[PDB]
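Colleague: make a model of this:
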Amino acid sequence: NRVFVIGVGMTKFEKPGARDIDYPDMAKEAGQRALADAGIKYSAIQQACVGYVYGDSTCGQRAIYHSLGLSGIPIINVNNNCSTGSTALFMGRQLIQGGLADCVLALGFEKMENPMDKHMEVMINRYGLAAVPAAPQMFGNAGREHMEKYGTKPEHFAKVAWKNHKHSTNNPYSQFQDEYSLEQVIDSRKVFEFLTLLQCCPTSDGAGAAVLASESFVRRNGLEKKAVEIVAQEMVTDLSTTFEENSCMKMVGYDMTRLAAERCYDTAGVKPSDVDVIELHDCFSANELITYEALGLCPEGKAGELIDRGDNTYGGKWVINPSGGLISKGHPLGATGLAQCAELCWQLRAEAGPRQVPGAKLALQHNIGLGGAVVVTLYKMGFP
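Modeller: Residues are numbered from 1 along each chain as shown. Below you will find the coordinate block:
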């Protein structure tokens, strides 16, 4: 069964406490924007898939009833107690593709609240980073491994972050919308090793939403115009390996990204060179830089050359994170994938305004599930 995104919506992503509304009003703003975009009656929604990390099991229902009114529809919380949760969009795609529903709402939101692990926990709190204590150490280790094997420079990681902040200047939904100089990225507060504060994603509070529909729902309702097809979607969980084969890059999911993308390319019958625009999970600059190679944009060890050619921005081969990435937008855990989806749908619909990638036809999304698995998605217009 083919699956289409027929409406998208999001709140602005803002510093926690910047905006004095609670998570149900954030959900309502994003959800009602997606339903207005879709152009459907609220009663068309048959099930809701709701992604959030903080708060008890009733928050998904509370947010949906505040957004749509009271109803009997299933309300599925993405983040189950197995800690193997995917994403609201991934689950909504499953329900359509599996013939369990014709039309679903995917909703996501977040409203915050050894000695090195203790130091990183305090740093995360005081710097407002959207990371767990292990993450800066694991991503710094992966970055350092890439430098030692391939000759990548610390400045290549800073240039990735610089490019994301530059893109953010045209995204009114992003927490940060200012261009920093490369020297300012390098000179910002140390987080871990070469990673500085402007290379790490901050916390944001916010919400995002998407309306997903079957081919028959799109046809019956005449909604071909805005229908963005999910032409491939793959999740890959931790790949059990040996001591001899393990590496710092594998420990942060390099091969999970690589296999998810390979499977998407095969399903969609496309190559990395066919992709026009990308939104990826730049939790740290180091994740974006190695993800260039995992996605097959360039050969092993060649990300520094891609960066130095400007082949990750406007006028280059790929426009990567036209949104400004997690580095600029910040990272409300449950909402990040739906914000990526909103931007890629606007790009393919030619509605991304000052961020528009001219002629974009194939979009790739890279994201991490609430349980840590990598999800890669490919999008094209359904009815061009």
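
Colleague: show me where the protein has strands.
Modeller: Chain-ordered strands for the chain, with DSSP state E as the definition, fall at 3-10, 47-51, 75-77, 103-110, 190-192, 195-196, 206-214, 228-236, 277-279, 319-320, 363-368, 374-381.

Colleague: do you know how far the residue with the largest distance to the centre of the chain is from residue 211?
Modeller: The centre of the chain is farthest from one residue, residue 244, which by C-alpha atoms, centre = their mean lies 31.7 Å away. From residue 244 across to residue 211, the span is 47 Å (C-beta to C-beta, to the nearest Å). The C-beta positions use only the backbone N, C-alpha and C, and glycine is treated the same way.

Colleague: next one: residue 188
Modeller: 39 Å.

Colleague: the more surrounded of those two?
Modeller: Higher neighbour count among residue 188 and residue 211: residue 211, with 28 against 18, using other C-beta atoms under 10 Å.

Colleague: beta partners for that one?
Modeller: residue 7, residue 105 (DSSP bridges).

Colleague: show me the contacts for it.
Modeller: Neighbour list for residue 211: 5-8, 34-35, 37-38, 40, 45, 103-106 [criterion: C-beta atoms under 8 Å, 6 or more residues apart in numbering].

Colleague: so what's the closest residue to residue 296 other than its chain neighbours up against?
Modeller: Distances taken as C-beta to C-beta, 6 or more residues apart in numbering put residue 272 closest to residue 296, at 4.4 Å, once the chain neighbours are dropped. Residues in contact with residue 272, defined by C-beta under 8 Å, 6+ apart, are 261, 265, 295, 296, 297.

Colleague: could I get the residues you listed in JSON lines, plus columns for neighbour count and distance to residue 314?
Modeller: Below are these laid out as JSON lines (neighbours: other C-beta atoms under 10 Å; distance: C-beta to C-beta, whole Å):
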{"residue": "261", "neighbour count": "25", "distance to residue 314": "23"}
{"residue": "265", "neighbour count": "21", "distance to residue 314": "24"}
{"residue": "295", "neighbour count": "24", "distance to residue 314": "19"}
{"residue": "296", "neighbour count": "17", "distance to residue 314": "22"}
{"residue": "297", "neighbour count": "22", "distance to residue 314": "16"}
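
Colleague: widest-spaced pair of those residues?
Modeller: 265 and 297 (11.8 Å; C-beta to C-beta).

Colleague: quick one: contacts for residue 322?
Modeller: Applying C-beta under 8 Å, 6+ apart, the residues near residue 322 are 167, 170, 171, 277, 279, 343, 347, 352, 355, 357.

Colleague: between the two ends of stretch 201-208, how far is it?
Modeller: Stretch 201-208 has an end-to-end distance of 18 Å (criterion: C-alpha to C-alpha, to the nearest Å).

Colleague: helices along the stretch 101-250 of the chain, start to end?
Modeller: 115-127, 134-150, 154-168, 182-187, 215-221, 248-251 (DSSP state H, counting those that start in this stretch).

Colleague: tell me which of the ones you listed sits most buried.
Modeller: helix 154-168 (a mean of 24; mean count of other C-beta atoms under 10 Å).

Colleague: alpha carbons only: can I get stretch 238-245 in CSV?
Modeller: Below are the C-alpha coordinates for stretch 238-245, written out as CSV (Å, rounded to 0.1, in the frame of the first residue of the first chain):
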residue,chain,number,x,y,z
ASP,A,238,21.9,-2.2,16.7
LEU,A,239,24.0,-4.6,14.6
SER,A,240,25.6,-7.2,16.9
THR,A,241,29.3,-7.4,16.0
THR,A,242,32.6,-8.8,17.3
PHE,A,243,35.3,-7.1,19.3
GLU,A,244,37.6,-7.3,16.2
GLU,A,245,35.1,-5.5,13.9
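
Colleague: that stretch: which residues count as buried?
Modeller: Under the neighbour-count criterion of 16 or more other C-beta atoms under 10 Å, stretch 238-245 has nothing buried.

Colleague: now do it: distance to the chain's middle.
Modeller: Computed by C-alpha atoms, centre = their mean, to the nearest Å, the chain-centroid distance of stretch 238-245 equals 26 Å.

Colleague: and the contacts of that stretch?
Modeller: Outside stretch 238-245, the residues that touch it by C-beta under 8 Å, 6+ apart are 250, 255, 256, 259, 372, 373.

Colleague: buried among those? Need that as a selection in ChimeraX.
Modeller: Buried subset of the contacts of stretch 238-245, written as a ChimeraX selection, criterion 16+ other C-beta under 10 Å:
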select :250,255,256,259,373
